[PDB]
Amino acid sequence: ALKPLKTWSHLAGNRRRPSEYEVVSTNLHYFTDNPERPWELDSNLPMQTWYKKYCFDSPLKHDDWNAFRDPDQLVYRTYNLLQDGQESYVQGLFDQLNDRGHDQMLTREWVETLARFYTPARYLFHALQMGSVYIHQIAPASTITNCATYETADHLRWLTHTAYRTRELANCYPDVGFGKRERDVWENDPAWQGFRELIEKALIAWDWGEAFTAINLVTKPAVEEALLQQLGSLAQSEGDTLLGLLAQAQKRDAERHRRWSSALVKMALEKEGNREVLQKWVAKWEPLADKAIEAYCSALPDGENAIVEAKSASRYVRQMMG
């Protein structure tokens, strides 16, 4: 008879007793057991073909993708511990800054800036959500998927903040069109077309590795520097303390997405040729990001400096991974 083990069989050679994270997150996808027939059906089904093309045939390659480890070690249980604290903080701000009539103290000019540059953030944030939720479903290993899982929820977190603040702004300034106008702005405002083009295109990059790259390494850096870093400094300087705070709060999430993305890249660089594969994808996408940041920030106050600082801050994210 086979003897009972100390831990799961797939983890039995380890030396350190496995963590809760290792126990509940590792080696869970089963469609990678049979590369020739991922799913327990006919091998010519469209979805069979999709996974073979966009997951197995990716030029980003590793012998053991299951070895990946979220450096933050998130599980569902500790995801909700963390984000519940963070949400008590942000809903704290909403509750208390309202009580105090914060939206009433903003200038007419700044209110006009919010309709054009902020509210209209619900489409881009929902599009990141769709973006990360695609990485989840095509990534080659459950630990990679999970990072995308929790990231997808953060992106919905941001969309949710924005939708909430949008209604508060519509309550306080009914004649501005908050909540009614955002689609036309996203669709037609020059300031947004740079981003819209970047995200629409990235959203049809099906290769798991190119998806990771376009969404996590290229687009998000650009979106985070433009919308969180740059609009938030501007907010703080213009009397909007809520948004200055809200944005720094969401940037905690963005930071954590970067830590896992950087870990992934670190792991990819273990294998000859992956840096070049990654650099080639970056080179294809970076120009779209440039356009995106240019069109958005150039229309901000102090437009040119915000372009320079965002450009170099988002390139810095990738520089630091190699």
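Numbering starts at 1 and follows the sequence shown.
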Average Cα temperature factor in the PDB entry - higher stretch of 309-317, 9-17: 9-17
Higher-scoring stretch by recorded Cα B factor average, 101-109 or 148-156: 101-109
Selection from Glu197, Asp184, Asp207, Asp175 [criterion: highest C-alpha temperature factor in the record]: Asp175
Deposited CA B-factor, highest of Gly131, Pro120, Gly239, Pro221: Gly239
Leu234 - Cα temperature factor, lowest/middle/highest third of chain: highest
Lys271, C-alpha B-factor rank within chain (lowest, middle or highest third): highest
Ranked against its chain, the third holding the CA B-factor of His62: highest
Chain third (lowest, middle, highest) by recorded CA B-factor, residue given as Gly85: middle
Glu294 - which third its CA temperature factor falls in, relative to the rest of the chain: middle
